[PDB]
Amino acid sequence: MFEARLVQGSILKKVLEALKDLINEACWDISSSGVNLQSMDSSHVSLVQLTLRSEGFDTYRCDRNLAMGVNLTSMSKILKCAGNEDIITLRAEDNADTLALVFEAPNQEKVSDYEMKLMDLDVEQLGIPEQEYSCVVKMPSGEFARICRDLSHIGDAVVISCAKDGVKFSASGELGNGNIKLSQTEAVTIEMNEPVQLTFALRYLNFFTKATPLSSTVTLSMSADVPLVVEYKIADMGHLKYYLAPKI
Amino acid sequence: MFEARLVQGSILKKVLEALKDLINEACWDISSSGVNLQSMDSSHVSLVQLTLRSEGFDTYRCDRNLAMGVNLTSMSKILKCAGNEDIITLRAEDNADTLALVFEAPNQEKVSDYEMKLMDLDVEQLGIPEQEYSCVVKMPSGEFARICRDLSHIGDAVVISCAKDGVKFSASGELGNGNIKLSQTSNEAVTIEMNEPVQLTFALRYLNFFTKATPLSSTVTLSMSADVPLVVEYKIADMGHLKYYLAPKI
Amino acid sequence: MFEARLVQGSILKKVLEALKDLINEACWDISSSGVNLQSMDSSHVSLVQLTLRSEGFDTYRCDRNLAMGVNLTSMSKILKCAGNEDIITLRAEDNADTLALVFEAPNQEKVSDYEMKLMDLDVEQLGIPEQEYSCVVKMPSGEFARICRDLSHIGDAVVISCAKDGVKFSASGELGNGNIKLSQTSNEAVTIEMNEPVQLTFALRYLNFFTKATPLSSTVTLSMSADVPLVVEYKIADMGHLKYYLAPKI
Amino acid sequence: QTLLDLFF
């Protein structure tokens, strides 16, 4: 039996909205330490990693480790049936043939109870070696979303050049070209060991920014030749990290 | 000659918005007692009944009873040309070739005059026996609309089980299933006047048409008995009501 | 070398939104007096004329007169990348193969610069003789937009009858017909300066393009005489205007 | 355009 109660149920609503466009199906690894999800998109160009720590929940119990296979579109649909101030409880029996989801409000007048079928997935897990990066940019999440949206109307790739004093985003296509310069100051801060210059597919960045409602800040971590990390903190709980392989 | 002036013209805008998606054409039966409309949808699964009492209008005159045939899509389009605080006057001549609709504000800087062609329809009239129902649920209209919208992403049909203590809405489909339980409130009240339990199954596609009437009232009433159509009623304050009838499944 | 700095950059965002649906391509005539644009739509039914005077910009400089050919859809897309409080600088060098556009805020945290390729266009200039009109109607721009939108669900043409005392808009189609009467106000004014009555018919499809200029001004002016094009004018405060010309029917 | 298990 697994059971986790989250009073700030809107966190789960936003997590699923931030996932369902990038990936269809994923395995939720539950253990006594928390919830972990790790999945590559079908094209193997990006990977998303979700961490929700045990201690972030209001009640949390894992009698035994589980790997639930979930259609994220279906779970997304169910979570749209929760109000933004609902208390959300997740709950899975020994068999784990279904995931139960309970939506409540402190006044308790509407209680909703959903049962969704799980599925069998090759749970293929993978690891990320904790590194430091040449450049780490912390900036408002809304600003980064706007940059990625605007530049995607210029071209389909963005060159991210990071220096000690600022970060630039550049794109070009048939219309012409464009460059957006951000200065270190809604703070923009840059921790740089060395300069970097990387190119990334804008279509994937615009999937990542569906996580923007989870945090007013976003962090970009870059080094030569390695995937970009785009991380949104889920306050008092964990994070949503997106990995994007550079071009060439 | 018929003429009715309604200061709260938004009532008429909301009524047509609540009708036009369920019904193409309908007959407005005008009498000195008020305006009544009664029409089944084309599949004959649901019926809508509108009552607007003469005394709910600011002025009301019916020289003689009439049965105007109206394309509700056309009337809906005209009423979209009225502002939400407009005064709306309806007017029909003896011929009854066309319905005149006049929109004005208290300002009066802008006065709009629309003339809409009527139609011939087979004015077939039905009636409903006033019943008492096993279960009558009064609940906030916005909550009922949300429940019907949400469950329609789970399945095609909703099982409504009503008891003394509360009412439950259930649906199931490919994704899984879902149940929503509402409790009676103490004091957006939820109240249940209940002689006998019922449990009935209804098509969600039609309920989602009915909730287009939600702007007319902050309250909705569901009236249920075994083997008979559900009644979904929205009060039109100081004026009348919009009632939807839905036949159960099996 | 040309360079113009506009602190209220939203003016440029709104101008391009008011242009891009009516015309794909146009020539920006830059001189030391300001910016002017003049272009017919492809069907030759309407013409738009934009004036932005030198002195309306915060800095302005034309070393020499230029005639930049611009894809307005491409410039519209770039201007969507500017925030509504951004300072916008336009810049072109002698060659004039590209137009540079620079977007900043006062805090200077984010600076964007775009380069868009120009085009070669048959720069076909035309002229409008300054006349007086039998009738000139000044009225709120949102009200005119609503009238054109609403009547376009009745028919595809509007008859505009202007008298000393008021202006009427009429349309008719398969649904029926509609008339909107506006009275002069005494004091959102409606004012009419009239020499002689006019009654003219215009394609509603084009007027609905013109009202995309509504965000530029709370007021619009209609200028009419018999058998001549309607002028629909939006003042761009402290700077210039956007005028649309529409040839009447018959 | 690279891919990811390539990287891990």
Side-chain angles (χ1 to χ4, degrees), chain A residues 135 137-192 197 200 202-203 205-206 209 212 216-220, chain C residues 2-3 9-10 12-13 16-17 19-21 23-26 28 66 68-93 95-121:
Chain A
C135 289
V137 179
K138 178 174 165 160
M139 75 166 107
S141 58
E143 199 178 356
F144 176 67
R146 169 68 180 259
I147 289 169
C148 291
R149 186 182 342 130
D150 289 351
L151 287 188
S152 80
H153 304 138
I154 310 299
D156 47 35
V158 58
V159 181
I160 309 184
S161 299
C162 192
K164 204 222 151 162
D165 286 324
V167 59
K168 182 169 66 180
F169 306 81
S170 310
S172 42
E174 279 308 318
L175 301 202
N177 58 259
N179 304 257
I180 303 176
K181 293 192 172 70
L182 299 195
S183 277
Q184 198 157 205
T185 46
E186 291 305 73
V188 171
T189 68
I190 292 161
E191 321 269 352
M192 179 215 106
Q197 181 148 190
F200 295 102
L202 274 157
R203 147 158 171 110
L205 295 178
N206 285 323
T209 58
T212 301
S216 71
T217 169
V218 66
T219 297
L220 324 172
Chain C
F2 155 65
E3 173 174 295
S10 62
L12 240 7
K13 292 165 66 53
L16 262 297
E17 286 296 296
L19 294 177
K20 103 214 176 189
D21 286 325
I23 47 176
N24 301 126
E25 313 170 334
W28 300 63
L66 313 168
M68 305 185 284
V70 165
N71 184 332
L72 294 181
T73 296
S74 308
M75 201 185 161
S76 166
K77 288 182 171 161
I78 293 173
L79 275 161
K80 304 279 232 321
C81 302
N84 272 313
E85 312 318 301
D86 281 355
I87 301 156
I88 302 185
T89 300
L90 304 177
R91 210 184 282 130
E93 329 169 351
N95 58 105
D97 203 358
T98 64
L99 173 67
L101 298 89
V102 173
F103 310 150
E104 329 153 53
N107 60 83
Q108 299 278 290
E109 298 325 304
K110 181 189 163 173
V111 182
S112 318
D113 71 82
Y114 296 87
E115 291 76 70
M116 66 169 327
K117 324 166 160 243
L118 304 170
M119 306 161 33
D120 292 270
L121 291 169

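Numbered from 1 within each chain, the chains take letters A, B, ... in sequence-line order. Because only heavy atoms are used, hydrogens play no part in the values below, and waters and symmetry mates are left out as well, while side chains stay in.
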* **Other residues, nucleotides, ligands: >12 heavy atoms within 6.0 Å of C:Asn95 CG** => yes
Side-chain donor-acceptor distances from residues 173-180 of chain A under 3.5 Å, at least two apart:
from: A:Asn177; atom 1: ND2; to: C:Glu115; atom 2: OE1; distance (Å): 2.4
from: A:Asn179; atom 1: OD1; to: A:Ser170; atom 2: OG; distance (Å): 2.4

* Structure fact -> ring-ring contact (aromatic ring centres under 6.0 Å, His included) filter on C:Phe103, not counting sequence neighbours, yields C:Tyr114
* Structure fact -> Checking heavy-atom separations under 4.5 Å from chain C, one finds in residues 149-168 of chain A A:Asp150, A:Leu151, A:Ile154
* To do: Just grab all the salt bridge (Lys or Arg N to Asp or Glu O under 4.0 Å) pairs involving residues 71-80 of chain C, residues at least two apart or on different chains.
  => C:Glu17-C:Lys80
* Asked: Atom CZ in A:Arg146, atom NZ in C:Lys110: separation rounded to 0.5 Å?
  -> 5.5 Å
* **Interface residue of largest heavy-atom contact number with chain A, from C:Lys117, C:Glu109, C:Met116, under 4.5 Å** => C:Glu109
